[PDB]
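Listed next as structure tokens: two forms of one protein chain, kept apart as structure 1 and structure 2.
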Structure 1
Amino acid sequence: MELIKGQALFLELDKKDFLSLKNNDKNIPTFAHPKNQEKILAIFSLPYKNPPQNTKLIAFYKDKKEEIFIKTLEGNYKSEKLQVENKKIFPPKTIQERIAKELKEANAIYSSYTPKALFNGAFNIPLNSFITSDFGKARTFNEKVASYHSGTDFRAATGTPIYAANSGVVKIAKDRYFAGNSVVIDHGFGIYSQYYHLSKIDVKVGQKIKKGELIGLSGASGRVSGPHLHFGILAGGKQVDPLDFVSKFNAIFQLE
């Protein structure tokens, strides 16, 4: 198989006698195929930055081993040269401490795997507008990716109602330094949706939110060029192309 860097892929395997799916020594979790009871699924994601050129997964069964080969593709992402080197920025210590604490909190949240579905059918787009900044727009330094857009931006004047893309449990609902006012929803199976730069948060941590319920109002909080909604998906441990992910997920789980 082939997969563009920064995208997720739903791998299908036989359920019977399956033991484990591994990438080197890393275990990849599995979940049931919703329609074919003889099948299970796993989400494999390639990091946008510095991906391997190829990946070989091993599915271990009771009586056989299967190999899955995935070639990394570069895709057709927008890219331009970094005007100034991404040097060490030098924030005040109080800001450095906040950034580090919020990184630690986020890592803990994305490492807390929910082994059941919290979603309800297909994902919906969180608002009815249009993309203003595509996922995966990159800035390069000596033809090495220095930074990239890790979600997708939608046009939104400040105060635009934002709705949960799918049902789940709220894991972040607060102001963070870079993301601004942030909502992150766990959908199960290591799938998280992200809503950043909000002007108002209308949910609390731990809340079971239903698809299409209001989560807040769009804004321009945090690090932003102006008002908009930033929408992201983390799945298979990595930020992935969110609309591409929604299409692939919906092809499997839409109800039906």
Structure 2
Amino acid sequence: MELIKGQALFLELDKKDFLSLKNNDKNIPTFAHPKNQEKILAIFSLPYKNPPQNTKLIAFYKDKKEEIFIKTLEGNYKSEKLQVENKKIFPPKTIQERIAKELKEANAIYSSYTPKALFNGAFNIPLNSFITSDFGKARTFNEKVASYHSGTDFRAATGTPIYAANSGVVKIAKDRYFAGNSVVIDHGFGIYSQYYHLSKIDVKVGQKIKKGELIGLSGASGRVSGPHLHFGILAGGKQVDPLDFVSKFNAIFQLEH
């Protein structure tokens, strides 16, 4: 198999007699295939930064051992230049403790695995506009700082209503330094959707949010070159191309009336 860095894969395996799926020492969780009762699924993601060049997954059965080899592809990401406030790429010392806390809080949330579906069928795009800055663009801020784009930016004037991409439970709903006013939703199975730089937040941490329900209004909070919506997906432990993830998720989990 081959996978572009920064993307996720849905691996399909036989359910009968399955014992465990591992990458080196780490167990990869599994969930049921919603249509094919003979299959299970797992999410495998490659990080954009510093992925391994090759991966060997091992699936253990009562009477089989299966090695799956996935080659990391570099993809065809392009570069872009962005102008932001100098303090948003070199923050003052008075603020770096808050940045430390916020990163520790998020790490704790993304490691909190929910082993059931909190979603309801397919994801919707949370904004009906167009892409202004695609995933994985190699960035330079102020001709000083290299970065990469860990989500996808949609055109949005300040105050555009932002709706939940799928059903889930709110895990973050507060102003953070770099992401601005941030909303993060746990959808189960380690899938989290993220909405950044909002001007207003309409939910609270712990809330059960339904697909298509209002979660806030877009804005220009945090590290921005101007007003927009930033949409992100974390799955399989990593930030992945959100619209690629949604297409792959929806092929499996979409429903009909």
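Superpose the two forms; the largest set of C-alphas matching within 1.5 Å is the rigid core. Residue indices: 1-based, along structure 1.
- When both forms sit on the same rigid core, the CA shifts between structure 1 and structure 2 reach 2 angstroms or more only at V145 out of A122, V170, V145, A106.
- Core-superposed comparison between structure 1 and structure 2: the Cα of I131 travels less than 2 Å.
- Relative to the superposed rigid core, the position of the CA of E80 differs between structure 1 and structure 2 by 2 Å or more.
- Superposed on the core, the two forms barely differ at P161: its CA moves less than 2 Å between structure 1 and structure 2.
- A C-alpha shift of 5.7 Å is found for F90 between structure 1 and structure 2, based on superposition of the rigid core.
- With the core fitted, the CA of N50 sits 1.3 Å away from its counterpart between structure 1 and structure 2.
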